[PDB]
Every structure is written in structure tokens, then in C-alpha cells.
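For reference, the chains in residue letters:
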4 protein chains.
Amino acid sequence: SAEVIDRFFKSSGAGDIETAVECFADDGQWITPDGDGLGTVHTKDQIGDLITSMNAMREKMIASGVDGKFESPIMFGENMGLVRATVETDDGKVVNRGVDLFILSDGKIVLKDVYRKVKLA
Amino acid sequence: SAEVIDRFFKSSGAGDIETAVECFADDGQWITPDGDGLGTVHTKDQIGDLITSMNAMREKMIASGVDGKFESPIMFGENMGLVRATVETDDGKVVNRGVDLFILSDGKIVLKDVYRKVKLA
Amino acid sequence: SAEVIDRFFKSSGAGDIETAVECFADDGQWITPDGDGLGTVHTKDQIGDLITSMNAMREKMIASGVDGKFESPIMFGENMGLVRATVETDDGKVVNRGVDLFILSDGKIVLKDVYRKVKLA
Amino acid sequence: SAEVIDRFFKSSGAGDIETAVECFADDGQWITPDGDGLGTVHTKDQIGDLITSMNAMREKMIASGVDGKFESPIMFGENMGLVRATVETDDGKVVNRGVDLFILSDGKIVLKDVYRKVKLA
Ligand SMILES: CCC[C@H]1C(=O)CC(=O)O[C@@H]1CC(=O)/C(C)=C/C[C@@H]1O[C@@](C)(CCO)C[C@@H]1C
Ligand SMILES: CCC[C@H]1C(=O)CC(=O)O[C@@H]1CC(=O)/C(C)=C/C[C@@H]1O[C@@](C)(CCO)C[C@@H]1C
Ligand SMILES: CCC[C@H]1C(=O)CC(=O)O[C@@H]1CC(=O)/C(C)=C/C[C@@H]1O[C@@](C)(CCO)C[C@@H]1C
Ligand SMILES: CCC[C@H]1C(=O)CC(=O)O[C@@H]1CC(=O)/C(C)=C/C[C@@H]1O[C@@](C)(CCO)C[C@@H]1C
């Protein structure tokens, strides 16, 4: 169900690193679209740092008049959720859009990945 | 459910600006595929004007023998609907096609966005 | 439901022009991926001829060792079905693939369109 | 349902060639993204060899520090399942991703196909 995805967004968006991390199965992975290949894999014990570093990135974006807006997850059965994301300037300009994929197993996240429109570095 | 999406198409297609606007949550956004970026964001109080201006555009299209045809929304659970759109000439020629995304929250539209085949200016 | 889509494939695949045509609403359209634009629109009374001409095309393909294989439609609620198509040579070579979109209204087809991988003329 | 897809992954991943093969209808096809065209068709009696040869390929990949990870299938009704695949290096680098399509009929696989991001030879 969507509860673990909701919990993840709320806790990770406030810096409750420990709650956010615990949304992931011990074998779960969070794939970010950076690095040599199509992405970089983060395991559960890499994910707390990742959250912290993405929060710091978000603050720089905000200071520039840009921020991401995440919609409530759309569930496809119990084990998959799609989250629409839109990155917008305060002037009303979409600068990026994408979909966060969540694959769940047993109420935990086993895969978080993103598909984005603009391949930002 | 699809009722608010249906209400939106019927009212906005006839110029009932006030009913159409009220289909959107106060925090909702309607993204149009124009502007510097991947689109331009319209908030609820920008949406009435937008409807009026798109109706005027539609009349110019019709006078040229071109018009858009929208299918009934296909629901994915309660909170997402997809609307197929086809732009056709009176001679039977598809000139554009796309999908209108609706994300709902609490019976209101929180995101209307479009994906189109031809990136028309 | 899928019955009208199944009926359409069975009847149109055997040349029962009248049954196939009657699967379409009077306002339905069948879009083929040929012509000046992204496709060409066929109304209900253009569709019988279209079926005949596509059957004749299919026979030429078969004589060349190529044929299309259609899977059973995958339903998304009552009013949308997706049909996977694969075009294969008798030597085991996929030469095209795509998805037939069916949008239904009231048990009739209101839109049949195709998305294909190879933009064959 | 997903049972036949699960059975197929478990048995084919261990070399139980006979169980894996019997997951396919007698008319089923497994399409691999190699060959002259958009893929190559394997019938039921070609599929055992295919499994063996893909296992041997997998062992070479593993010896290079690369392996594929398959998620549990996401069902769309009874007759379609999507399986997310990610190919990763042991250093945490996604090198390929895709989706395995399964179309079922009567509890058997009638079509297995893949869509991949990187068109690897
Ligand atoms: C993992 C890739 C990140 C990108 C996507 O996933 C979709 C996209 O294109 O934009 C994203 C970047 C973005 O704009 C924001 C606001 C990231 C913030 C983070 O958001 C949380 C809630 C986790 C989800 O990322 C905690 C952080 C504050
Ligand atoms: C917001 C982008 C507009 C495009 C799409 O969304 C999908 C696409 O490619 O074509 C569209 C343009 C089009 O052809 C029409 C008929 C617009 C009319 C408007 O339609 C209403 C019902 C609202 C929905 O747009 C009120 C207006 C009369
Ligand atoms: C309308 C576009 C046609 C293409 C698609 O729709 C998907 C695709 O890429 O290949 C198709 C062409 C094809 O290979 C066949 C076998 C057409 C035969 C016709 O099939 C029937 C059953 C109607 C459905 O087309 C009656 C005809 C004998
Ligand atoms: C049929 C195309 C193969 C590719 C995909 O399907 C998705 C993708 O991009 O990567 C795949 C290649 C891959 O990395 C692995 C691990 C193949 C192993 C095989 O996996 C089993 C379980 C069958 C499913 O393939 C038995 C074999 C050991």
C-alpha cells in the first residue's frame, strides 16, 4: 500500500533520517540518476547520507527560486507506486518533470528509481 | 473518480469559467506545454483566463478546419485519470495527439498536465 | 469489456465486414498510421473498405513469409484495452511491434489507434 | 496470476530447464532483443537451449562484477505482468535497465518480451 511511500516522503522531507531509512527493506535499493551509467545504486545503509545530501541540494535549489513538487503516489496493486514530480521556478516555469518508481515488498521499499525528462547532471 | 474531470471538460468547453475553475483545488496547477521550459504553470486564479484564451485559440483552429477530440477519462484508481486527445483536420488527418494527465485529491484537480507528440509552439 | 474487441478481431480477421464494422460506435474512429500526418482517420462507414484493404495487404505479407500476431486485449477498466501486436518472419525475426489502443463507450469502439515501433510506410 | 511468472524465474534461474519450459504455452514465444530485427523469436522447444545459453552468459557477467536483479512481477489483471530488471556492477553502477513483459493465457506464458534502455549487442 501507499503508507510506506507516504511515510518516506514525509520523514525524508523533514530530515527524520532514521524513519526514512527504515522504509527500505534491508535488501532495498535507491537508484539516483547520477554517475558513469544510467544511475547509481544506494543500499539501505547508504541512504541516510543520501537523504541528508539531497536536502542540502534542495536548499540550494530553493535559494535559487526552484523547488520540486511531489504528488501523492498512484498505486498499481499493493507492490508498485508511481509518484509524479515537477520541478518549477517561482516564476511558473517547469524546468524538469519525472516519475519516481517505488517497488514494495512486505510493506518495505525494495526499489526506488526515477525516470526524468531532462538528464540533469 | 472521473466526475470532476468530466465536469471540467463540459464546463470549460462551454465557457462556464466559474464551474471549470472550481474543479481545481486551491493548490492545484494546470501545466501548459508553452514557455521557456517544459511547460508553464497556471495556478487556480490564473486558470479562468487560460480557459478563455484557449477557447479563442480553439475557434481559430476550427475556422481552419482543425479541432481537438477528447475521449472519456480512463481512471487509474480514484486519484488519476488519463484523457486521450486527438487533433484532426476535417479531411481526416491527425495533426497531433497526446494524453491529458489529471491528478486528483479530495475530488479536486491538483495537477493537469499534457504530454503531446508534436511540440507545437 | 473485452468482448467487443475480441469480436472485432475475430470477425475482421475472417472478412465478416458487417460484424466488424458494427463493433464501432457511429461516432467511432479507426486511426491508421499512414498519410501526411501522424495518421489518417477512418469513420465507421470508411471502415469496411479499410478492413478489406488490410486483408489484401495481409495476404501479400504472408506470401512473403511475414505475418502479424495479436495478443488478447489487456483491459484497463471497462473502457480501455491494449492489444500487443508482433510482426514476425517465418524465420523467427521480429520486424515490427506495437500496441493497438481501443477506447470503448457503451460496448462500442469509439477509438482504435496504433502505436508502432517502426514507422513503416 | 503471477504464479507462473514466479515459477518461471525460480526454475530458470536454477537450471530446472524442464519446469521453466513448461511455463510456456505450446504456442508461446519468448522474444530476445538480438538478431537482424527488433528481436528474435524462440518457440517453446527452442526455449530450453535459450535458458541454458543465458545462464552461461550470466556466469560470464558475474565473473566481471555485473549481474541482473529482477523485481517481483507487477500484475495488470490476470493476463499481463511486468517485471522490472536492473543490471548493476558490484561497484553500485546501473549499466542497464528494462522491463520484461509477460502475456499469459490459461496460466501459461504466451509471450515473454523485453524492452531495454541500452540496446546491447
Ligand atoms: C532521487 C532523484 C531526485 C529527483 C527525483 O526523484 C524526481 C526529479 O526529477 O526531481 C528530484 C530532485 C528534486 O527536485 C528534489 C526536490 C529532491 C529532494 C528529495 O525529495 C525527498 C522527499 C526524496 C525524493 O527524491 C527528500 C529530498 C529532499
Ligand atoms: C492544455 C494543452 C492543450 C492541448 C492538450 O491538452 C492536448 C493536446 O495535444 O491538444 C490540446 C489543444 C487542443 O486541441 C484543444 C482543443 C484545446 C481546447 C481546450 O480544451 C478544454 C476542454 C481544456 C483541455 O485542454 C477547454 C479548451 C477549449
Ligand atoms: C491498423 C494498423 C495495422 C497494424 C497494427 O494495428 C499493429 C501493427 O504494428 O501491425 C499492423 C499491421 C499488421 O501486421 C496486420 C496483421 C494487419 C491486419 C489487420 O488486422 C485486423 C485483425 C485488424 C487490426 O489491425 C484485420 C486485418 C487483417
Ligand atoms: C531475455 C533478455 C535478457 C535481459 C532481460 O530480459 C532484461 C534485461 O535488460 O537484462 C536481461 C539480461 C540479464 O541481465 C540476465 C540476468 C539474464 C538472465 C536470465 O534470467 C532468467 C531468470 C530469465 C529472464 O531473462 C534466466 C537467465 C539466467
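Residues numbered from 1 in each chain as written, not as in the entry; some residues may be left out. Chains lettered and ligands numbered in written order. Heavy atoms only, no water.

Q: Explain the environment of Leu38 of chain B residue by residue, including any values.
A: With respect to the helices and strands, the residue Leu38 of chain B is situated in the loop between β1 (24-32) and β2 (40-43). Assessed through its relative accessible area of 25%, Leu38 of chain B is described here as partly exposed. Among residues more than four places away in sequence, those in contact with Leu38 of chain B are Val94, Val95, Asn96, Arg97, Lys117 and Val118 of chain A together with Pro33 of chain B. (Helix = DSSP H or I, 4+ residues; strand = E, 2+ residues; numbered from the N terminus. Buried < 20%, exposed > 50% of the residue type's maximum accessible area, 1.4 Å probe, protein only. Contact = heavy atoms within 4.5 Å.)

Q: Before we move on, could you go through the site of ligand 4 and cite the residues and values that matter?
A: All names here are of chain D. Around ligand 4 there are 17 residues in total, and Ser12, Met54, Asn55, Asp100 and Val114 lie nearest to it. Within the contact set of ligand 4, an oxygen atom lies 2.7 Å away from a side-chain nitrogen or oxygen of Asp100. When ligand 4 sits alone it has 600 Å² of accessible area, and the protein chains cover 95% of it. Contributions of two or more residues to the shell around ligand 4 are made by α1 (3-14), α3 (44-63), β3 (66-70), β5 (80-89) and β7 (108-116). With four residues, the top contributor of residues to the shell around ligand 4 is α3. A class-by-class count of the residues in the shell around ligand 4 yields 10 nonpolar, three polar and four charged. (Near = heavy atom within 4 Å. Polar contact = N/O pair within 3.5 Å; in protein donor to acceptor, adjacent residues only side chain to side chain. Areas by Shrake-Rupley, 256 points an atom, 1.4 Å probe, with all protein chains shown as cover. Nonpolar A, V, L, I, M, F, W, Y, C, P; charged D, E, K, R; others polar.)

Q: Quick rundown of the pattern of salt bridges? Include the residues and the values.
A: Residues and elements named next belong to chain D. The final tally for this structure, using the stated rule, is 32 salt bridges over all chains. In this structure, the salt-bridge partner of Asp26 is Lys44, at a minimum N-O distance of 4.0 Å. Of this pair, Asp26 sits in strand β1 (residues 24-32) while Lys44 sits in helix α3; the two residues are 18 residues apart in sequence, bridging distant segments of the chain. Looking at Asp26, the relative accessible area reads 67%, which means it is exposed. For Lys44, a relative accessible area of 11% gives the class buried. (Salt bridge = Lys/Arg side-chain N within 4 Å of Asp/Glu carboxyl O.)

Q: Outline the arrangement of the chains, supporting the account with residue identities and numerical values.
A: You won't find any contact between chain A and chain C; their C-alpha atoms come no closer than 11 Å. Separated in space, chain B and chain D share no contact, their closest pair of C-alpha atoms being 11 Å apart.

Q: Quick rundown of the site of ligand 3? Include the residues and the values.
A: Residues and elements named next belong to chain C. In the region of ligand 3, 17 residues are neighbours, and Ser12, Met54, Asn55, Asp100 and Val114 sit closest. Between ligand 3 and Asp100 there is a distance of 2.7 Å, counted from an oxygen atom to a side-chain nitrogen or oxygen. The fraction of the free accessible surface of ligand 3 (600 Å²) that becomes covered by protein chains is 95%. For the shell around ligand 3, the secondary-structure elements that each account for two or more residues are α1 (3-14), α3 (44-63), β3 (66-70), β5 (80-89) and β7 (108-116). Residue contributions to the shell around ligand 3 peak at four residues, all from α3. Split into classes, the residues belonging to the shell around ligand 3 amount to 10 nonpolar, three polar and four charged.

Q: Describe the interface of chain A and chain B, listing the residues and the values that go with them.
A: The interface is formed by 15 residues belonging to chain A together with 20 residues belonging to chain B. Taken together, the two surfaces of chain A and chain B that pack against each other cover about 1400 Å², and 57% of this comes from carbon and sulfur. The tally of links from chain A across to chain B stands at two salt bridges. With a closest N to O distance of 2.9 Å, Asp113 of chain B and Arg97 of chain A form a salt bridge. Where chain A touches chain B, the interface holds 12 residue pairs in polar contact. Every element with two or more residues in the side of chain A that touches chain B is listed here: β5 (80-89) and β6 (94-105) of chain A. Here the side of chain A that touches chain B takes four residues from β6 of chain A, the largest share from any one element. A per-class count over the side of chain A that touches chain B returns five nonpolar, three polar and seven charged. (Buried area = accessible area lost by both parts, 1.4 Å probe.)

Q: Could you give an account of α3 of chain C, with specific residues and numbers?
A: Along an α-helix, a turn takes 3.6 residues, which lines up residues three or four apart on a common side. All names here are of chain C. The terminal C-alpha atoms of α3, which comprises 20 residues, lie 30 Å apart, in line with the 28 Å expected from a rise of 1.5 Å per residue. Close packing links the buried residues of α3 with α1, α2 (17-21), β1 (24-32) and β2 (40-43). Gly65 occupies a position one or two residues after α3 and carries a positive phi of about 80°. (Expected span 1.5 Å × (residues − 1).)

Q: Any chance you could break down the relation of the copies chain D and chain A for me, citing the residues and the numbers?
A: Superposing chain D onto chain A takes a rotation of 90° plus a shift of 0.0 Å along the axis, which leaves an RMSD of 0.0 Å. The transformation just described matches what one would write down for a four-fold rotation axis. Residue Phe76 of chain D of chain D places its C-alpha closer to the rotation axis than any other residue of that unit, at 5.7 Å. Taken together, the interface assignments show that only 7% of the residues at the interface of chain D recur at the interface of chain A, consistent with different surfaces on the two copies. (Least-squares fit on C-alpha atoms.)

Q: Help me get a handle on a positive patch on the surface, residues and values and all.
A: Taken together, the side chains of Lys117 and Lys119 of chain A, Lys117 and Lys119 of chain B, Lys117 and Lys119 of chain C together with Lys117 and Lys119 of chain D define a basic patch exposed on the protein surface. Relative to the helices and strands, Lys117 of chain A resides in the segment after β7 (108-116). Judged by its relative accessible area of 52%, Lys117 of chain A is exposed. (Patch = residues over 30% accessible without salt bridge, like charges linked within 9 Å, V, L, I, M, F, W, Y side chains within 5 Å. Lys, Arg positive; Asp, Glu negative; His and termini not counted. Charge placed at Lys NZ, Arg CZ, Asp CG, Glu CD.)

Function cannot be read off these values alone, since they describe shape.
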